[PDB]
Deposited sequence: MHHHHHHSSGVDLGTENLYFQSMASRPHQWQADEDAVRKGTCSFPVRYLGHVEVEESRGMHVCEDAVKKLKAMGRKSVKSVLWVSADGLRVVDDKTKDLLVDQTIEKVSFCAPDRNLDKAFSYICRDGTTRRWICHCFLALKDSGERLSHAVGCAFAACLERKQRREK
């Protein structure tokens, strides 16, 4: 869809003195979060706070993998805890939108376009030690860092 959040505005709002460390970590490619990867789902939109919520409830009603979600300015990565296998390597430039969940506080998801499959694909998570919004803030820092480096280049 067409719809744009002011990234600067929401950066200034999200100021718990725990997330101060997250921003410098995302830029320095060291930022990680313990998660449970729910899976990917077809979604009818590139963005939507409720569109995500839906996609989460699809998977939560379907049937999860212990992993670590890594957040850098170049992309998001999910590494398996059991096998240490790289499960997901999603580039930050083809990520459309991300958001936490109004009704699942540990939930975090992001939408992305896959040009080969020609569809919008959500990717849901349940954080183990953190809140869903903490993760989303981290990925927003990526969105910012990306745009900022693309402007210099």
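- Sequence ranges 1-11, 75-76, 167-168 have no coordinates in this entry (deposited sequence, numbered from 1, C-alpha basis).
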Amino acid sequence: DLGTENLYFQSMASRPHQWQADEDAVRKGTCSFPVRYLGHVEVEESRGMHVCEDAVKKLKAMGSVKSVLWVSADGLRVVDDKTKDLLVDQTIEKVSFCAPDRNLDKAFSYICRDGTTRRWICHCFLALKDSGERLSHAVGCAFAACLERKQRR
From here on, numbers count along this sequence of modelled residues.
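- The PDB entry records a higher mean C-alpha B factor for 143-151 than for its counterpart among 143-151 and 2-10.
- Mean CA B-factor, 42-50 versus 28-36: the higher value falls on 42-50.
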